[PDB]
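# Return a 3D structure for these sequence lines:
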Amino acid sequence: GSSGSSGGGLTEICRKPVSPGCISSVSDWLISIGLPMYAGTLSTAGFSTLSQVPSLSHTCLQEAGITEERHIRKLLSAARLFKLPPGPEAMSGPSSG
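Numbering: from 1, shown residues only. Provided below are the atomic coordinates:
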């Protein structure tokens, strides 16, 4: 579910309930860490999927524009702590894992 819209235009009062606490996309994760100031930063670099989040890198952030060794460390650390849920556990390839 994309759940969104194209451009501006608010129809009637939105009034939305507080987040469920669970992360859905990068942003949601960036906010849960207190670094939502990068949401648009990484998103612009291509970071749209939460798959690249847990795969960040000192160079990855540096490419986006992030230099603050204080923020980069937090992001890289927060990403490594991002434990994604398992799937159908079976498919993978020729080599078992």
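# can you point me to the longest helix in the chain?
helix 69-80 (DSSP state H).
# Run through who's touching that helix.
With contact meaning Cβ atoms under 8 Å, 6 or more residues apart in numbering, helix 69-80 is reached by 29-30, 33, 35, 38, 53-58, 61-62, 66. All C-beta atoms are positioned from the backbone trio N, CA, C, and that covers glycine.
# Just the buried residues of that helix, please?
Within helix 69-80, the residues that count as buried by 16 or more other Cβ atoms under 10 Å are 71, 72, 75, 78, 79.
# what's the answer for stretch 21-35, then?
Quick answer for stretch 21-35 (16+ other Cβ under 10 Å): 23, 26, 27, 28, 29, 30, 33, 35.
# Using a markdown table, lay out the residues you listed together with distance to residue 97 and secondary structure.
Formatted as a markdown table, these follow (distance: Cβ to Cβ, whole Å; DSSP: H, G, I helix; E, B strand; the rest coil):
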| residue | distance to residue 97 | secondary structure |
| --- | --- | --- |
| 23 | 25 | coil |
| 26 | 26 | helix |
| 27 | 31 | helix |
| 28 | 28 | helix |
| 29 | 25 | helix |
| 30 | 30 | helix |
| 33 | 29 | helix |
| 35 | 32 | coil |
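# Kindly reformat the residues you listed as CSV containing distance to residue 46.
Listed next are the buried residues of stretch 21-35 as CSV, based on distance: Cβ to Cβ, whole Å:
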residue, distance to residue 46
23, 19
26, 11
27, 14
28, 18
29, 16
30, 15
33, 20
35, 18
